[PDB]
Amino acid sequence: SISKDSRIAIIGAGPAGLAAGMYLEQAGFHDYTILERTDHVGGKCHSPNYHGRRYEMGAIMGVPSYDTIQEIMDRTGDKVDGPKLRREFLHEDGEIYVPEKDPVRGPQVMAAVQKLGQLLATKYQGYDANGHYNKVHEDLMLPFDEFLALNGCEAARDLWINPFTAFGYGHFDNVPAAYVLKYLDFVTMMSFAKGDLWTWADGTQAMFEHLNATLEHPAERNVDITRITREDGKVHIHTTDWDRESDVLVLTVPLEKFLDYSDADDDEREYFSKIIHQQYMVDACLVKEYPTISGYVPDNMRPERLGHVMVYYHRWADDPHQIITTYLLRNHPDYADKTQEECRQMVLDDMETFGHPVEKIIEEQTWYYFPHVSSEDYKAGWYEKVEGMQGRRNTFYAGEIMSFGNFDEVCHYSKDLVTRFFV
């Protein structure tokens, strides 16, 4: 437990940091400060304007099991009121097909899925807990495909891959199953499969903008932190405009990047240096032959097709001159990084192939996405080490790396961090 008059400095005004403020405030910790580097809040929930409506450069959707996000909507008064999500499936040559009608693959998938469901509910009980401080089963530390191979459920990858690889989280040849299954737990997977998906008319960013406004201390923006030191039981935060002292540090920003403006200790340097991330690239496009529906391309989710468009988003049904966003990955451990130029050429070429040629790209973003560690690093005890450092020199660790790269997970983690260490 931590004293209620502690001065608590929260770095980052994305969901993770905003929720930290919310839940600290609600537990009676009123002397918090959220420091944001940019001029805006919401982080990767980023919904800019175009032609009188908001489009999504980052996060788009949620599922009914997003309980922490419902608590936030309860507080802001926002509602799930966005346009309905609908999808078709394309081959890499633009051909529309329906995977579940595949007479060989169809049955293999449903048998694997059913078998996995049973395994998850028994053998792997506890897998779905938020965070990684409850040590998961050792099998879950293997790359997702190996985890499946071991259990004779390879064909379950067909259902899990679409809202995972296409959604920027990487490839099953290497991403530890622990991550896959805390995000796509059986319930969430079934919700997605069923199309039971939340969206917001004013963008996922809106509820975070409004959360910020409801906070007793809305974020301080445009804060360029040049150095943080932690001597004598205090946190000294140096910025370009001021430097100040706190009692507690909550990190919701990238931890490898933290090493560069901090008095990082040996463990912090050793362990945070192992963090790897996804280079997930979005392009906001105007197109001819406006799609009628969103399109996924399982062929382009293969590592051999890295940099190609894996999915694209049909948001506003009624205006053929509104924004269609495309999604691609620029990195894989077995491959050298694809350049943004070569990938932007693939956006144009792929969309042309799909029959929805691009007339214009008006915004582009490669995001710092899904920070995580390797299976080898997971197995070697990365989370036991880092969770065991919680509170060392009044510093706490949070955000995506500590849970999973989605807004419900990071908010959930921020909620429990207060329960775990402060209350």
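One-based numbering along the sequence shown. Throughout, rigid core stands for the largest set of C-alpha atoms superposing within 1.5 Å between the two forms.
> Looking at C-alpha RMS in 5 other deposited structures of this protein with the core superposed, is it 93-101 or 206-214 that drifts more?
It is 93-101 that deviates more in 5 other deposited structures of this protein.
> Line up the rigid core: which moves more in 5 other deposited structures of this protein, 102-110 or 348-356, by C-alpha RMS?
With the rigid core fitted, 102-110 is the stretch that strays more in 5 other deposited structures of this protein.
> Can you tell me whether 78-86 has a higher mean C-alpha B factor than 321-329 in this record, or the other way round?
Between 78-86 and 321-329, it is 78-86.
> Can you tell me which stretch has the higher mean Cα B-factor, 229-237 or 342-350?
Of 229-237 and 342-350, the stretch with the higher C-alpha B-factor average is 229-237.
> Considering only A193, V311, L306, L211, which residue's Cα atom bears the greatest B-factor as recorded?
Going by the entry's C-alpha B-factors, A193 comes out highest.
> Rank-wise, by C-alpha B-factor, drop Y124 into the lowest, middle or highest third of its chain.
Its C-alpha B-factor, which the entry lists for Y124, ranks in the highest third among residues of this chain.
> Check where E387 lands among this chain's C-alpha B-factors and tell me if it's the lowest, middle or highest third.
For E387, whose C-alpha B-factor we compare with every modelled residue in the chain, the answer is the middle third.
> Would you please rank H46 by its C-alpha temperature factor against the other modelled residues of its chain and give the third it falls in: lowest, middle or highest?
Its C-alpha B-factor, which the entry lists for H46, ranks in the lowest third among residues of this chain.
> Which third of the chain holds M57 when residues are ordered by C-alpha B factor: lowest, middle or highest?
As the PDB entry reports it, the C-alpha B-factor of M57 lands in the lowest third of its chain.
> What third of the chain, by the recorded C-alpha B-factor, contains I34?
Middle third, going by the recorded CA B-factors of the chain.
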